[PDB]
Amino acid sequence: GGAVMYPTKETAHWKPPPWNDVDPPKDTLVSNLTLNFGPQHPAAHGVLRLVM
Amino acid sequence: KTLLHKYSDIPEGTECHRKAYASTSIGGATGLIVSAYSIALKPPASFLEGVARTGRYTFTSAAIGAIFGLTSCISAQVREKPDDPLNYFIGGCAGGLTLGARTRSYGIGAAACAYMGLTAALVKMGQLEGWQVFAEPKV
Amino acid sequence: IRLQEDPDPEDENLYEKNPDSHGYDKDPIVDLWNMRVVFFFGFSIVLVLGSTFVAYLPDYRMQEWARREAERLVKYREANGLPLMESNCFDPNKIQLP
Amino acid sequence: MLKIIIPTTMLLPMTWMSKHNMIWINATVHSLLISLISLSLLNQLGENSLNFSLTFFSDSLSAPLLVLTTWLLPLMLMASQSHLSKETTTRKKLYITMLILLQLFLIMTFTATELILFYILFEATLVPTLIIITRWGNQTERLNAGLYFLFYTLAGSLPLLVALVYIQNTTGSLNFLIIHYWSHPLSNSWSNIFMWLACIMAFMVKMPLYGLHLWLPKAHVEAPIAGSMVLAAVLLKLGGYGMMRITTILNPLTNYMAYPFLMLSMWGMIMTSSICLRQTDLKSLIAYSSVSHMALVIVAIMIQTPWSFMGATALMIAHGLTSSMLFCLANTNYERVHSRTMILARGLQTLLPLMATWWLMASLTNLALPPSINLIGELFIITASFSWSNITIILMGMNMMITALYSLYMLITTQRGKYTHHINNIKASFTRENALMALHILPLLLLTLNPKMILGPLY
Amino acid sequence: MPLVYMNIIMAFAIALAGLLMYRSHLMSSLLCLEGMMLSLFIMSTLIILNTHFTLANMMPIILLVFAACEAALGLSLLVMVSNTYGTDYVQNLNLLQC
Amino acid sequence: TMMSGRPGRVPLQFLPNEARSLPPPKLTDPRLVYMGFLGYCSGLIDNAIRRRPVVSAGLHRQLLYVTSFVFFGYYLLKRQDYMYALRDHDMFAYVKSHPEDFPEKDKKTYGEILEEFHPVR
Amino acid sequence: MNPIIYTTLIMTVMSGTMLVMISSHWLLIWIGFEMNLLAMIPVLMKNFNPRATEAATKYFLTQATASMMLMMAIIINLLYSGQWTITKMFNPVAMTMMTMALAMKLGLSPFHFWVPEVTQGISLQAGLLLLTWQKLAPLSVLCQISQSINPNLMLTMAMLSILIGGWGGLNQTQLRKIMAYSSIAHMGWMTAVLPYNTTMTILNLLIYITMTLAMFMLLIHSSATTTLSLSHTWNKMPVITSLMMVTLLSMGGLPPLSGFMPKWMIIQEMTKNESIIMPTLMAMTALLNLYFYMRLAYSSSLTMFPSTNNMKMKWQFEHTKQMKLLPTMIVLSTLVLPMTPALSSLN
Amino acid sequence: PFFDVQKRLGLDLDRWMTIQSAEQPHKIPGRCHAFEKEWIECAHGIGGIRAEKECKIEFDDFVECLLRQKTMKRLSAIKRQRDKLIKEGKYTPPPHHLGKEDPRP
Amino acid sequence: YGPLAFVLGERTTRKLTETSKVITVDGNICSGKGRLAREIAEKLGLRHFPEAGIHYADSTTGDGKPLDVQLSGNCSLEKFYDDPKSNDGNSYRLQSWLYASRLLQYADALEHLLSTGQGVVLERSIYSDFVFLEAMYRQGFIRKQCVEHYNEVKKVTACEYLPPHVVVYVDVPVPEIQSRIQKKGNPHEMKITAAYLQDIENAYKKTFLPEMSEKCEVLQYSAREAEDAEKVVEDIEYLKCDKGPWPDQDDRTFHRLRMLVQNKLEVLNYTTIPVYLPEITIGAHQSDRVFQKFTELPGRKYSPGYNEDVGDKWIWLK
């Protein structure tokens with residue numbers, strides 16, 4: 054029932070493959086770019102620091 | 003192939019030093035190839051570690067080749083029977099003992115003696131009888 | 053560690069249900085007919101009829117034929133003074149030595 | 001030969017389409033009739049073999065073995081009835097089908113006229129035997145025993161396949177008749193030496209040779225009763241048949257190459273007979289005795305003399321019968337007490353008198369009490385070896401003494417002494433078991449009256 | 001063979017070595033594949049032009065078409081790998097082993 | 002290799018017109034009967050896999066199995082015979098065309114030939 | 001994937017193989033290989049998993065490198081000969097490069113590392129396509145160029161393939177990886193006879209395809225990807241596991257099963273050419289494949305492993321989908337030995 | 002497994018580009034059309050095994066036309082000899098080679 | 040249904056309508072959920088599936104009469120009530136078998152909805168089954184490893200199917216449920232502890248209701264409110280759950296789901312995952328005996344329609 058027969062010490066720790074699918078490793082993989090739209094921006098009316 | 007030609011060209015049971023040198027070169031080449039494959043497949047942690055592994059494998063292979071050639075040629079000289087496979091068997095068992103010493107294990111030494119000596123005797127027999135490991139297609 | 057049925061007791065003696073079990077099965081009729089088939093077709097047929105067949109098998113090994121031929125050859129050779137058994141299996145003349 | 005082959009093949013549809021009640025009865029009846037048909041093959045022309053067809057031929061060597069196999073099948077069914085009673089109808093039919101396929105393969109192996117076909121059928125026997133051992137064995141070690149049996153035999157066989165193909169390429173034919181008639185002598189070269197080794201080693205493995213016999217104890221101990229019966233009676237004899245057949249090709253090198261196997265067999269017979277003295281399992285003891293007798297057979301084959309060959313054939317047949325009977329006798333005790341330990345069941349002569357007589361007769365045959373065919377074969381082999389070397393008598397006589405000792409030690413321990421008090425499940429022996437033992441014993445004793453039947457072609 | 005053939009074959013060898021020696025990113029190895037394709041285009045074009053194989057001056061264009069097909073396949077796989085792991089690093093293609 | 006480049010071989014032709022000279026395989030050939038047996042075993046295995054009655058269910062399906070296997074086997078046997086016959090034809094033609102390479106050998110009776118006797122002692 | 005798109009992609013793979021097997025121009029053969037890769041990559045990922053994407057990426061990288069090497073070999077042969085036709089290759093370096101590329105496509109060691117990983121990553125059906133159909137085109141190209149092939153290189157690759165395929169399988173408890181390693185070993189068997197007789201390679205390919213189709217279809221029927229999952233099958237569908245045991249025995253090469261004939265004929269052909277050591281070593285090394293086959297058989301059919309309570313529910317229902325060709329595939333894989341002389345039809 | 006569907010159905014799917022001597026647009030000749038034609042005609046219907054040795058002269062001429070290895074080697078040797086003579090001072094290029102005469106139209 | 044049909048143009052979306060919905064009426068033991076579920080199915084013209092029991096698969100297969108416990112289920116709810124902590128492992132066998140039955144019922148309900156377009160009302164579902172498991176684990180009836188096995192099976196299996204559009208929870212306070220259990224008078228049920236019901240309620244409200252509310256809207260009714268079935272049906276009729284999976288689903292996903300649901304064995308494939316827990320692991324001998332007994336059951340030896348014993352005919356040409 055192991056992942057590999059005749060397992061070694063390192064492989065023994067390794068878990069067997071998932072039955073259906075691998076778990077999603079979603080962990081802060083996408084970091085949205087943060088932009089200071091203003092104040093100096095022409096479209097910010099000069100005094101708006103829109104953090105987007 | 004030049005190393006194999008070098009080992010073959012020296013007459014059996016003669017110029018034992020040159021035969022031993024050729025066997026050592028062959029062993030070193032085989033060890034270098036094995037070390038390259040080991041480094042690729044199983045990565046070494048450091049460049050120094052890779053160099054150490056290469057040196058260990060290469061020296062083991064070269065020692066095996068040198069012992070095989072030296073013992074085989076010396077046995078051929080002393081017995082004075084050039085074409086006997088027993089000389090190759092003795093050389094192969096000596097190589098296996100050298101491998102056991104390098105691995106610091108008696109069991110490796112004995113198993114290597116048996117298998118390697120038998121393989122070397124078979125190689126000598128193939129030389130004598132013209133056995134072809136790779137046969138040109140003739141049908 | 054698992055849900056498994058208790059080990060079955062030693063297989064029930066066929067004698068208990070049928071004292072004259074004869075073995076060969078649980079059902080007595082099949083037991084009797086199995087015993088009858090075995091006894092007939094091996095002992096009565098194969099052993100006795102087969103043994104008789106082997107005993108009177110025609111002598112195709114030519115033992116009697118060999119004996120008769122040897123008797124004829126011995127009588128002829130002794131009558132004619134020829135040696136009883138010639139030392140050469142094949143006539144020397146036909147052989148061409150190197 | 002189709003007179004025997006086709007009915008054996010029809011045995012399978014009958015078994016599969018038979019009623020659940022009637023499987024054993026039909027199989028036994030028709031197998032016995034087939035055995036009766038096989039008795040016709042015993043009539044052999046002295047000079048020439050019975051060449052039925054291009055594919056199949058029979059001689060004074062193959063005929064006895066074919067008769068033995070056909071006889072063995074019904075005894076195997078009778079023995080296997082008891083422990084397969086609980087099994088479902090489909091599994092019982094599959095077991096019978098495996099036995100029938102094994103008989104068909106063995107018959108074709110013995111009657112085959114081409115060495116390549118002989119190889120195909122001789123290796124094919126592994127599959128049904130492996131399935132029997134590893135599916136209907138009663139111990140966890142049945143799988144390891146199956147692996148050992150299969151791999152020992154295959155490692156021996158495959159170089160034989162290579163050698164046979166090479167022979168086909170060089171000589172041009174693998175038909176035994178052509179090979180015998182042409183049979184150019186071999187030369188003492190390393191290539192011919194290795195060809196000799198390749199030809200011999202597979203049969204040397206099949207006939208348990210000392211150092212290559214490890215599979216036999218595991219397989220015989222761990223196999224079901226029927227599988228042990230076939231392995232002892234017939235499957236081992238395939239090696240002897242092939243070695244006697246194959247030896248024609250390797251004429252001169254046999255003298256030079258025989259010494260290692262000759263010495264191994266001669267010393268191993270003593271070693272294994274001694275092993276039998278201190279074995280604690282009845283089946284294992286029987287298996288080691290089989291090993292010793294097959295070592296005698298190997299010596300006979302290697303010596304390559306006519307008397308040795310006649311003794312080898314006689315010993316093969318006699319040992320097959322005696323070892324099968326011994327395995328069945330042990331199996332009865334195993335079923336009653338559910339253990340193979342010799343010490344556990346004691347004093348069985350008081351509890352089961354007639355089985356005691358069966359044991360006595362089987363042991364007497366095992367120790368070669370004359371005029372048993374066992375003694376005839378052993379004596380002929382011993383005389384041939386004495387001609388080979390007068391010094392051989394010492395080892396052979398020592399082996400005879402050790403064989404008598406271990407056979408009568410088994411008889412004394414199992415059937416003599418005070419009964420084991422706690423064991424209460426011993427029940428009167430069934431007519432089936434006694435009938436099986438009688439079917440084993442009577443043909444063996446009868447064969448003494450006409451021993452030319454089992455004396456082989458050289459007779 | 002002139003030296004330009006030497007240089008172009010050397011470029012192919014270098015690109016092959018680059019592809020076979022990954023470092024971290026997958027994009028770089030796809031670029032080495034595209035480099036190999038460019039080297040093959042140059043070699044084929046030089047051969048076909050020097051030998052005036054007129055009907056073979058289209059083979060480089062087909063080679064380029066299938067090279068771009070391969071490049072598209074590579075990028076479409078890299079996008080999925082990045083989505084599933086967050087980077088194009090080759091070390092993340094480690095679930096399947098042996 | 003070998004027969005692939007034989008001169009005059011039409012590509013992708015199962016049976017050349019030359020084969021018609023050879024006798025057709027007999028419908029009672031053992032090989033064709035074995036092909037039909039394979040078809041019957043295929044039908045039985047199909048019934049077993051679908052959990053139908055093994056030997057009685059789907060007689061039409063078993064008939065189709067047997068007929069298809071026999072039908073293909075007839076042509077397969079014909080092609081096999083044609084190929085072996087072509088091999089023999091070419092071999093004999095080559096032997097005739099190259100007499101030196103296949104020289105007739107002087108036949109010496111066993112009396113003339115000397116074969117060393119190795120005693121089994 | 002819409003079934004129409006799936007049909008189109010599978011047809012594209014088959015059409016690329018057909019172009020490889022129908023074209024006399026090297027460019028078109030390479031185009032067929034490229035089409036095969038393009039169609040295959042989406043097929044391998046029909047079920048979207050991270051493992052499927054990893055397998056697709058590995059396969060793409062290996063096959064792209066093989067294709068680039070093959071194209072370089074073609075261009076070198078053109079440079080030294082000026083010929084595009086598939087025929088004797090007139091430059092030895094090009095022949096070596098082409099052999100390396102075609103071996104990598106076939107997964108011959110030392111280019112085998114990708115096969116088990118890809119096979120494990122993909123589904124059983126994609127595995128069947130990968131290990132049966134994909135092998136056809138490189139073997140066809142090798143057969144057409146057999147004369148130019150250096151026998152030493154092909155034989156070295158074949159022997160290494162046999163050894164590695166045998167060794168790796170011993171350590172595997174995953175059915176797909178076991179199949180991948182057995183495929184490596186059998187491909188090593190097929191390429192061994194390529195220098196000597198191509199018809200033997202074709203015969204071995206056909207027998208191997210039949211056996212692999214039977215095995216993969218049986219696994220799909222049992223829905224097992226691990227040895228333990230296959231172990232339960234005896235409780236639900238015993239006949240499947242019994243036929244699997246028979247097919248495994250055939251794969252091992254045991255007589256009288258049909259797996260024996262390819263090894264038999266390969267040994268015969270090698271022996272005719274004076275090759276004795278190589279056939280002996282190949283036959284002996286095949287025993288390891290037999291070992292892991294027998295272990296799988298022990299787990300599946302010969303011994304009855306423990307089941308689970310919830311299987312009782314599965315007993316009531318019956319398999320909905322029927323694989324029509326499975327019984328004929330089993331019969332051909334196991335019972336075709338008595339018909340070997342028919343190996344002159346493909347001849 | 003080269004199913005010659007093209008030959009069976011008489012379709013020239015790809016054979017038109019197989020050789021340099023085949024028909025080309027506007028009858029533009031290949032750089033080695035003559036050698037390729039001679040080699041193809043020599044090795045036609047005799048099989049590859051025979052053609053590899055019975056048409057070796059044709060194939061060598063074709064290869065020489067394709068690569069010019071021998072011609073390039075001879076030219077390099079001539080240039081080396083000319084340069085060595087110039088260094089020795091015992092050779093002087095003719096005025097026409099030096100550009101002192103108008104080349105023929 | 041098949042891929043060929045989808046290629047031809049058999050599309051699930053057209054058959055589905057506003058009526059096409061999966062309604063799951065959940066609640067604690069003796070919460071009256073069955074009455075409301077039946078009334079909702081009748082008023083809204085939706086097929087009603089009675090709550091999955093030990094023998095639901097028996098109902099859907101063969102004769103439809105329940106089979107013996109050994110052959111189907113090897114678990115007893117009465118045993119669980121009488122002996123919650125039995126060493127036999129009956130508790131987790133019951134829980135896993137019930138999850139398998141509810142998974143099969145959900146597959147069948149989805150098949151009905153996707154084949155005929157009629158909505159389905161279910162009493163509890165695979166999404167709510169964890170409530171009993173958590174209560175059992177909290178009360179100590181089952182071990183943690185059993186909970187882990189249940190989690191693995193649910194994770195592998197539940198993801199494939201689409202959750203219900205409308206979740207109706209009938210809430211009855213636990214003491215009133217105890218009085219109801221006493222009034223019903225079933226001897227085994229009376230033994231149910233108050234803490235067990237309280238943990239059932241805690242699981243429902245703390246986990247099931249919030250998680251279900253995230254996907255779509257959940258209609259929570261008290262016992263008095265539940266009795267007015269017409270008002271519940273009207274509430275359902277005026278729900279607008281634009282958020283959630285079903286609006287996202289298109290014809291391709293429906294084809295995949297219908298193919299999955301039709302193949303019951305594929306639906307139950309991972310219920311038999313090879314995790315050797317003592318509670319649910321059956322030995323080889325007992326498994327063989329029970330399988331032989333199941334095969335001997337009338338109408339079960341061969342594939343449906345080929346069993347001559349139960350009156351099938353024309354097998355030779357069938």
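Residue numbers (the entry's author numbering), protein chains in the order written: chain C, 54 to 105; chain V, 3 to 141; chain e, 53 to 150; chain q, 1 to 459; chain k, 1 to 98; chain g, 2 to 122; chain i, 1 to 347; chain h, 2 to 106; chain U, 40 to 357.
Note that the Cβ used here is the ideal one computed from N, Cα and C, for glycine as well.
Limits of the unbroken alpha helix (DSSP H) element including residue i
i, result
"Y108 of chain V", "108 to 131"
"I58 of chain h", "57 to 68"
"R432 of chain q", "431 to 449"
Any chain q beta carbon closer than 7 angstroms to residue i
i, result
"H99 of chain g", "no"
"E62 of chain e", "yes"
"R113 of chain e", "yes"
Residue-level contact to chain k via CB, residue i, 7 angstroms cutoff
i, result
"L82 of chain C", "yes"
Neighbour flag for residue i against chain U, beta carbons, 7 angstroms
i, result
"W72 of chain C", "yes"
Expected contact under 8 angstroms - CB spacing of residue i and residue j to nearest Å
i, j, result
"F3 of chain h", "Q144 of chain i", "6 angstroms"
"residue 461 of chain q", "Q168 of chain q", "A question about residue 461 of chain q goes unanswered here, because the residues of chain q that appear run from 1 up to 459."
"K236 of chain i", "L307 of chain U", "Not a contact, Cβ separation roughly 11 angstroms."
"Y120 of chain U", "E228 of chain U", "6 angstroms"
Sheet register partners of residue i (DSSP bridge)
i, result
"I62 of chain U", "U:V160, U:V205"
"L55 of chain e", "U:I321"
"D281 of chain q", "q:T341"
CB contact below 7 angstroms: residue i versus chain g
i, result
"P457 of chain q", "no"
"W353 of chain U", "no"
Where the beta strand (DSSP E) through residue i begins and ends
i, result
"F88 of chain U", "86 to 88"
Proximity test, Cβ basis, 7 angstroms: residue i and chain V
i, result
"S183 of chain q", "no"
Cutoff 7 angstroms: residue i Cβ touching any chain C Cβ
i, result
"residue 361 of chain i", "Outside the displayed range of chain i (1 to 347) lies residue 361 of chain i, so it cannot be described from this structure."
If you scan the stretch 208 to 275 of chain U from start to end, which runs of the beta strand (DSSP E) of 3 or more residues do you find wholly inside it?
257 to 261
Taking the runs of the alpha helix (DSSP H) that are 4 residues or longer, which of them lie wholly in the stretch 54 to 119 of chain i?
92 to 106
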